[PDB]
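K.L.:
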Amino acid sequence: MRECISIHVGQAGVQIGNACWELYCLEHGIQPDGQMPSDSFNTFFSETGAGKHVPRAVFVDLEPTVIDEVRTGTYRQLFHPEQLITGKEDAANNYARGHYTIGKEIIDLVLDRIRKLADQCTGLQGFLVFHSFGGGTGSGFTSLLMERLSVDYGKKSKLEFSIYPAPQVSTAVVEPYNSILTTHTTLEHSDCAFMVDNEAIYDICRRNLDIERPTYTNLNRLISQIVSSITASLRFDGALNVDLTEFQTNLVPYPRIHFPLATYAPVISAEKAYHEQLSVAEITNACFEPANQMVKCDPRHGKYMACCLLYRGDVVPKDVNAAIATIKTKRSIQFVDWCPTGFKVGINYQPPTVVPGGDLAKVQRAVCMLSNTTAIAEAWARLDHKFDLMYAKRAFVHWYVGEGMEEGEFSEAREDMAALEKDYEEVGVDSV
Amino acid sequence: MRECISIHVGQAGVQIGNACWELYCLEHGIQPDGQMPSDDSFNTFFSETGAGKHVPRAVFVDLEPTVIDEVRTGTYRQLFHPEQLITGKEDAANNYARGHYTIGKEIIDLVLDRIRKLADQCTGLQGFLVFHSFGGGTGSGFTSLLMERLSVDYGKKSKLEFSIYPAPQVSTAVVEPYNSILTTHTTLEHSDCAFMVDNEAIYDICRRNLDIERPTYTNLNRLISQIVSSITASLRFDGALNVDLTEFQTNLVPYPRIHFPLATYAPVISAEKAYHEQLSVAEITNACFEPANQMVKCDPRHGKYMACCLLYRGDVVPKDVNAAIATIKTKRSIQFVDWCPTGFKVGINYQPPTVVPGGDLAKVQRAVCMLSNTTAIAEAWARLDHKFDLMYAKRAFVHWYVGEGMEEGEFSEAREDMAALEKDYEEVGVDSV
Amino acid sequence: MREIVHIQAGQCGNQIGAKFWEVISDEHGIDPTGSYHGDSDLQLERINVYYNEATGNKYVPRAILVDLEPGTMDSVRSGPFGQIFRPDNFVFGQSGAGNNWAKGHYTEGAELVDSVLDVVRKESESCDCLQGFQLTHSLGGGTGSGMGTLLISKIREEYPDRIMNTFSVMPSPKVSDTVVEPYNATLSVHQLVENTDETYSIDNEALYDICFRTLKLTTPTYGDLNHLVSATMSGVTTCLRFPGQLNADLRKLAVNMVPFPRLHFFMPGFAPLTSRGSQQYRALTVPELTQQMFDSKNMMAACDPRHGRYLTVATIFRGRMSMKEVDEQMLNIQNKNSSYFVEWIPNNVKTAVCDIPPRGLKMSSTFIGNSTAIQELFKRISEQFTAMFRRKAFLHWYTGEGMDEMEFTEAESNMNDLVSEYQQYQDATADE
Amino acid sequence: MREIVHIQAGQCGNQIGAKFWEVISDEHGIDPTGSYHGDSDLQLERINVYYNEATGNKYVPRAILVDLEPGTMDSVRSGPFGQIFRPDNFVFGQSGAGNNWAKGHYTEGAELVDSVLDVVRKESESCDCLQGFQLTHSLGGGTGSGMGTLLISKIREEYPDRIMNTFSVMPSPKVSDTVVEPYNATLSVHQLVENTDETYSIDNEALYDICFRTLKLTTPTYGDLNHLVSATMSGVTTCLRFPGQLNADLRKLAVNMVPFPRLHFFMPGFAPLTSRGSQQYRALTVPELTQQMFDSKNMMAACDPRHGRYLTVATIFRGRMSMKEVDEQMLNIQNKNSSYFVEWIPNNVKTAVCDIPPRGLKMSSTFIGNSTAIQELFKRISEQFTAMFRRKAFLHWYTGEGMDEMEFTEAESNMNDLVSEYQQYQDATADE
Amino acid sequence: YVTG
Amino acid sequence: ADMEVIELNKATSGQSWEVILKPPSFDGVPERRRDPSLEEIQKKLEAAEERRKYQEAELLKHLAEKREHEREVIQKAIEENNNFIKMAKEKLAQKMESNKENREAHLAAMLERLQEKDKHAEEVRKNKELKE
Ligand SMILES: Nc1nc2c(ncn2[C@@H]2O[C@H](COP(=O)(O)OP(=O)(O)OP(=O)(O)O)[C@@H](O)[C@H]2O)c(=O)[nH]1
Ligand SMILES: Nc1nc2c(ncn2[C@@H]2O[C@H](COP(=O)(O)OP(=O)(O)OP(=O)(O)O)[C@@H](O)[C@H]2O)c(=O)[nH]1
Ligand SMILES: COc1cc2c(c(OC)c1OC)-c1ccc(OC)c(=O)cc1[C@@H](NC(C)=O)CC2
Ligand SMILES: COc1cc2c(c(OC)c1OC)-c1ccc(OC)c(=O)cc1[C@@H](NC(C)=O)CC2
Ligand SMILES: Nc1nc2c(ncn2[C@@H]2O[C@H](COP(=O)(O)OP(=O)(O)O)[C@@H](O)[C@H]2O)c(=O)[nH]1
Ligand SMILES: Nc1nc2c(ncn2[C@@H]2O[C@H](COP(=O)(O)OP(=O)(O)O)[C@@H](O)[C@H]2O)c(=O)[nH]1
Ligand SMILES: [Mg+2]
Ligand SMILES: [Mg+2]
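Sequence lines, in order, name chains C, A, B, D, F and E. Read left to right, the first sequence gives residues 1 to 38, 47 to 440 (the entry's author numbering). Read left to right, the second sequence gives residues 1 to 38, 46 to 440 (the entry's author numbering). Read left to right, the third sequence gives residues 1 to 44, 47 to 360, 369 to 442 (the entry's author numbering). Read left to right, the fourth sequence gives residues 1 to 44, 47 to 360, 369 to 442 (the entry's author numbering). Read left to right, the fifth sequence gives residues 1 to 4 (the entry's author numbering). Read left to right, the sixth sequence gives residues 4 to 34, 41 to 141 (the entry's author numbering).
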């Protein structure tokens, strides 16, 4: 029954996973032990003869610390021991270590557990892979996993939730290398991928949630909401609700051009004066405000090739259509000459739920704008520049070569990135 | 016995058949169950059974069951034997090729088998009276198939037609001009005498004379019925003119192809037209030359006459008729062809024109039906021929016929024959030798 | 030619079809349980055409409900006349078509096709004389478009001698922002040209415009659009369902309406244009009723009849009126605008009258036109198709299902040839 | 990457190492008997890194004490926390090395080497996952310099995949033991370049200058010098011993700190500078603590950081302090002194904060810098080496042990090449 | 466009 | 000029006669087919059946081609998913082996250097030995 398997790799993967599953449990009324009092949630949770709801997920890390916290946490008992896999030593921010050295020692075990989750599926839709671009595991293990999932599951859909590195939110010097290496390797195995710029989340946490020094919990709770909006269509049966796969068809016109920009609104702090309320026109206007984006880029000076709206809560068609209009008269939303305008809208019945001990305010209505813009290529360009700075002097390269990698693999990855940049250029030029 | 077999094909044929057999039953005192109260001549149209039951010498045919199912359940159900009411499952869908080739082939041997059965009950079969429309797929296609076969099985026996001529104001379908020409060509050599009934002409009379602004098929058919009984009164009763089917060809048809007489009827008075005085001979005689009373819309003033019969019914005396001819002759044209004499073959049938009690026609002491052969009839072919040419030029609807096995060449051949018929009606009217 | 087997495929197909059954059952005096309660026996005389006679006083629709998604079956069964349909006739899949024609025509569709054909066989063999088939579907989606056309060709193999009649909804960017719609419609049109005998072109562009411009509904809903469709479907089927001038079936209609094989796409129209809740006073005469049904604003296809010429026209009037007044008003139109009716098809405009009026309306008129102007609808789809195709946009979803670019170029070619054909008879004059 | 094996070699190696254990045991709440007595559980979380868990409530250092002389090891054993060490781990000789590198590397040392390797084997096999090794030694003497480097290469053979980290004290004529020190240091440097992954350059010239010029101690002692070393060792090891920036081990540090294999010599530094036991304690503010990062006077290596450029920087802050205030002060330094940080290594200065302050100090900051300025230290040793070598002075002490002049010329060459390499990246520009 |  | 009553027949319920008003203006002479046969009619009908059933047979021929096309597209989709897997399998094996070989060689090279250093140390001890 149209099931979806979530895979969480590395620290970021696992940590976001914890925020996502906590939030899903809340939205479906599932308790930390897997029980629910007295449907579409079955796509993400399987059942036992005990009435226990077990997430269709596998948590992986080459190191034990992060998952050990899950194994001892509030959500222990929610996951079966077999679905939380750990190694002894991490990839030490080295893509080559996560992909070949350390990676090779745990891959067959991970696949065996994925195969076990897959046998419990009467119509597996696909996979949702959560990982960072920067980490040695997040980069190399994910790439290795995607290559293997392509062999075991052929064309079967694979979506990514990728954490984009930011200086202000704990990066490492070699993260630009791992980002490009993983991007190149995963490019043909990934069907769709949602980047989450850590600087963008950091900025929202400060400029909206009023947290001077945001923690990973703050960052992850915000990401969780955006992930929940994307997955709501799959976890709920709504009347005017458009399925994430329908947005996908509109979002990806060419296999390589599969990186949608995500925007969310309203992001209101729990401490500020609640009385104000919220209108459909206000959130639609905020959907085009760059301060609300998940990736730091400029769509205003760029072209659209899809523009989708995901509503949740108390939203009526009369309001939305008025909101899709007026804003396109005032703002300049340029579309490509081979694409129609018109925003693909999906409205879910279930309002946006919040974690009780969280810093996010409860709202009657919320929106998530997934759009395919040429402007996303700016994020690749920033990463590519940092890679070029270091690679010119072959700085840190020896750590990768020492693990069995070749210098040629670095150039091939960068060549693919240049092709991707040129691909995003060509896609924006008008026809004859 | 000078017995005649009536064949009713398609919806029109069957429906007119119902009106005709109702009127015959009434005129001969036969009840809807086939019982009579007790001049012998009715036996030419009705056979007898061991029970004293009078069964019509007729066969009703349709490629569809609806129309005949109504007869099978109707007032006249205990009148026809089940075997003489034949039906198929699917109709010819206004396609001549379907009625002739596709659907037709599946029922022909069965129809012929039943005609052979009716024919064995005959000690002197005169011939056949075929009732059909020009427009319907069955009316056109099946009738032509039937005529071809009746010519093979019954050689030289006489075959007369009662054909329904299509009219825009009286139903009609876009392809009816095609079916009309196709059937005309195919049947032309297998028919000895054919009476066309222009649906517009019947419609008009039903509007101005019977005062029905919207006439039903029952209204139309009850009027046609009266004209048919006029034509068959001589066969059904001990009459003196048109006493045999061969006599029709002798009194009207001078050349095999020139076999389409114009029929005129009078008086057509409404039952609810108050209770006015009865208008005698010379008044009904003058109405015999009034174009408003014709069965086919054409102009005999433009045309040339080559035969003229007068069928008087009821209380009519020779002294009155001759005086009525004397008055109509003077000042009125009525131009005859050089070779033909100018005049009439007169007939009086002492039987009165009977009317259906629940009908819209007034009962009269005397009536008249004129059967005349005029060149003016070629005008009706010309109207049909023009509509065929309009569509055929662009080969519109042709695929429905070709799809059923017919050839495009069959269309041109039929039209060529129609042009020849038009030119034959021209040639007859010009100076002889 | 007595019994018709109805087939409804996809979301639109089942939605529109459900309403048709609600409407006809009410007119034939059938309650949602399947029992008769009507006044006049004329509602029963031709009931066999759409309804099967079950054991006792139960009349069951000769309908086959098809979808690759369960969603639609669940809603139709809960719907107003959901308990009237035969449970065995619900042939529904689990994994949908993703609004992809290729999935419906080749992948998922081809796996469910035989199950449907088994139900069509069962229904066909319980007919004294099978008249033909009627399909309701959209050309914009994946099941209705793909599987619907696959059903047509497969039925065509088994029943070549039977009439194939469709109610086909054409996509519009005004109502539905699913980008691939022009591909699905172009691939569907090609099939309909080859395999149907008659197609009622229900254009969503025209439906939207009637609701918006005429009915003054700012935000039209599918219900508003479907209300116009049910009116048209009731009106077009009157002659098959009621004794209002007998001995006319699906084949007699095709023979008189279609002069050329490929040119079998009708421009429907209804008068007066009504709203579900608009309480309208007892008025309207035949001269205004005739005037409405010949106007562009009353067309169910977004084509200006004044831009082409009529090959053939069928008009059906309902209610207690004067037949004399009807014919007089019909030629009044013909003689006044003669340049819009082909001279080479004598008496090409046929009228039928039925004493039974629809629900609420004391008198109405449905219009069926075979106009060369329908090329405007095909050109619109062709333009939308090329815009995308010129840049091979979204092609991977189709080639991924095993399709080739050759199939697309071919579909486009046939679409262009159909346009040429319409123009060919638009310029055709019977002067020589 | 969990357990670290510590090795102490020679007089300096055992002296410095003994103080490191005294300091860290106090920081982890361990008494001289080996039992835990601390308050917070955070002292125990990462105890396994440096300590083995013995039978009962005991914690024994994973340390191997090595010398060719019995003296120092006896004094350590009797000294504070000397009883804490495993008696079997004391691998000592009787002959000594006579401050001669050859005796330690070839003669006396090669006879005791296997006995040491047997103890390293035992300790290594009792590790769940061996992180790596840490050696404390001087480059000036004979045991630490010769046998220490011989231990490194022999360990490297057995554990090639393990990280090798050293705390290496550089000689100075200001604080000396023997004239031959420049020979011993040059022969040792060559080995460290080839066989270590990370080396903390503890310069006795810098230690003497801090004690003399800053601490105002006229006649500095090895205790005064070692007090500065223990502070630096405590600080540099913090993230391995306490959680927070955790998922960080010896390899993650090497990967991010070393861009080129040979350039793995770090310039340590501490703030505030303190005298042994003799600290009255005054509040040192975060902006002041960060000010002593560029301070040449705070460097444990006698190099002016302003004479070179930073490849990579790691800064660790200890005590209760505002993390917000830390990053802003760190950023100010980078923007104001941008000409001293390589442009071709984006975000090359990383900061970590730990709530646990060292002994006595309420707030402190340790600095780990990979600066090209370290060539000043190597040039100094190189100049001292040549002065002697040019006149073949004291060479018979080395040739007498079987060595050749070829080995000396080679050691000098590698030392000069290392200098060239530092200069090569000092002058390297991004080409803006 | 949000039809419903 | 006048009217002539030629007179015809008489019967119980009828009477007939001829009225010759004006004589005919003219008196003179004008006032392979080999049809029908059951063979000709049936040859026409059988030729018409042949044409109808051929069209039906050719219509099934086009549909048989459509049925076989759908077969080749389903096969393309499967052949392409099978090859995607095949290529992805060997490209991964190639990479995995290439990375194994490289790392193996790097760790061997660095062990070879350490071994050479061991050889020199044994040579040093022998170099110290000079019995005299
Ligand atoms: N938003 C967010 N980012 C994270 C989180 N954890 C790590 N990151 C980011 O991801 C990168 C760190 O990679 P990690 O996921 O911690 O490393 P890893 O995948 O576990 O692989 P290893 O190198 O073996 O430790 C940096 O850019 C961090 O800012 C998290 O919980 N939330
Ligand atoms: N006068 C009269 N005309 C009729 C009657 N029925 C049909 N017609 C006319 O005949 C034509 C219709 O042909 P039908 O006889 O109904 O068709 P059919 O012979 O049954 O053959 P199919 O196409 O198979 O239905 C039109 O011109 C109708 O106006 C009738 O009862 N009386
Ligand atoms: C286990 O101990 C340490 C380990 C590391 C770092 C470090 O200094 C903060 C340590 O403390 C000494 C570290 C160092 C330098 C970096 O480059 C400047 C870097 O990117 C990244 C780091 C580390 N990452 C972070 C986010 O601090 C990982 C390795
Ligand atoms: C079964 O229902 C219908 C069937 C037909 C017709 C029609 O429209 C009046 C119908 O209602 C839709 C019909 C249509 C159009 C014609 O001309 C284009 C024609 O000549 C002729 C017709 C029909 N005949 C008549 C007399 O209307 C035959 C088929
Ligand atoms: N008029 C109308 N159009 C619809 C309806 N539902 C969907 N559509 C249209 O049909 C197309 C989508 O086809 P759909 O039936 O929903 O997808 P399918 O189930 O894969 O066949 C789009 O052009 C929609 O605008 C409906 O109820 N009424
Ligand atoms: N900082 C420091 N340096 C020392 C200490 N002991 C010796 N040294 C230095 O180390 C060098 C002598 O090495 P040493 O360890 O005493 O000789 P070894 O036992 O043969 O390795 C000289 O440069 C001394 O200045 C000490 O406790 N602290
Ligand atoms: Mg990690
Ligand atoms: Mg009929």
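All residues carry an ideal CB built from backbone N, CA and C; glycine is no exception.
Could you list which residues in chain E have their beta carbon closer than 8 angstroms to that of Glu159(B), in chain order?
P.N.:
Correct list: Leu69, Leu72, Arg76.
K.L.:
Mapping DSSP to helix, strand and coil, what is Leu286(D)?
P.N.:
Note: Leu286(D) maps to coil in three-state DSSP.
K.L.:
Go to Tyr53(B), then tell me how far its beta strand (DSSP E) extends in each direction, as first and last residue.
P.N.:
Its beta strand (DSSP E) spans residues 53–56.
K.L.:
To which residues of the same chain is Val118(D) closer than 7 angstroms at the C-beta, ignoring the five residues directly before and after it?
P.N.:
Same-chain partners within the cutoff: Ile66, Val68, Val93, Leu153.
K.L.:
Beta carbons nearer than 9 angstroms to chain E: which residues of the segment 386–412 of chain B have them?
P.N.:
Hits within the stretch, in order: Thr409, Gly410, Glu411, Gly412.
K.L.:
When DSSP labels each residue in this structure, what does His406(C) get in the three-state scheme?
P.N.:
In this structure, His406(C) counts as helix in the three-state DSSP scheme.
K.L.:
For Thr314(B), would you say it is in contact with chain A, using Cβ-to-Cβ distances shorter than 8 angstroms as the test?
P.N.:
Yes, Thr314(B) counts as interfacial toward chain A.
K.L.:
Taking all protein chains shown into account, do 16 or more other C-beta atoms lie within 10 angstroms of the C-beta of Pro263(A), making it buried, or fewer, making it exposed?
P.N.:
By the 10 Å Cβ count, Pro263(A) comes out exposed.
K.L.:
CB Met373(B) to CB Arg221(A), shorter than 8 angstroms?
P.N.:
Their beta carbons are not under 8 angstroms apart, which means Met373(B) does not touch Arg221(A) by this criterion.
K.L.:
Can you check whether the C-beta of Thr292(C) is within less than 8 angstroms of a C-beta belonging to chain B?
P.N.:
Judged by the 8 angstroms Cβ criterion, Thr292(C) is not in contact with chain B.
K.L.:
Within 10 angstroms of its Cβ, does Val260(C) collect 16 or more other Cβ (buried), or is it exposed?
P.N.:
By the 10 Å Cβ count, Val260(C) comes out buried.
K.L.:
What did DSSP end up calling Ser178(C) once you bin it into helix, strand or coil?
P.N.:
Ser178(C): coil per DSSP, three-state reduction.
K.L.:
Since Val344(C) is in the beta strand (DSSP E), which residue starts that stretch and which ends it?
P.N.:
Note, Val344(C): premise wrong, no beta strand (DSSP E); not H, not E.
K.L.:
In three-state terms, what does DSSP make of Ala65(C)?
P.N.:
In this structure, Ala65(C) counts as strand in the three-state DSSP scheme.
K.L.:
Which chain C residues are close to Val171(B), counting only those with a beta carbon under 7 angstroms from its beta carbon?
P.N.:
By Cβ distance, chain C contributes nothing, its closest Cβ being about 18 angstroms from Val171(B), past 7 angstroms.
K.L.:
Buried or exposed: which applies to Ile87(E), given that a residue is buried once 16 or more other Cβ atoms fall within 10 Å of its Cβ?
P.N.:
That one is exposed.
K.L.:
Return yes when the Cβ of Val344(D) is within less than 8 angstroms of the Cβ of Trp407(C), no when it is not.
P.N.:
Going by C-beta atoms, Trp407(C) is not nearer than 8 angstroms to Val344(D).
K.L.:
For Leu123(E), would you say it is in contact with chain C, using Cβ-to-Cβ distances shorter than 8 angstroms as the test?
P.N.:
Not an interface residue.
K.L.:
Hey, how far is the Cα of residue 44(A) from the Cα of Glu411(B)?
P.N.:
Missing from the coordinates: residue 44(A), inside the break in chain A from 38 to 46.
K.L.:
Should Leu153(C) be counted as a contact of ligand 3 given a C-beta to heavy atom distance under 7 angstroms?
P.N.:
No - ligand 3 has no heavy atom lying nearer than 7 angstroms to the Cβ of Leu153(C).
K.L.:
Leaving out five residues before and five after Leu217(D) in sequence, what residues of the same chain have Cβ atoms less than 6 angstroms from its Cβ?
P.N.:
If we look at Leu217(D) and ignore the five residues flanking it on each side, its Cβ neighbours are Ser277.
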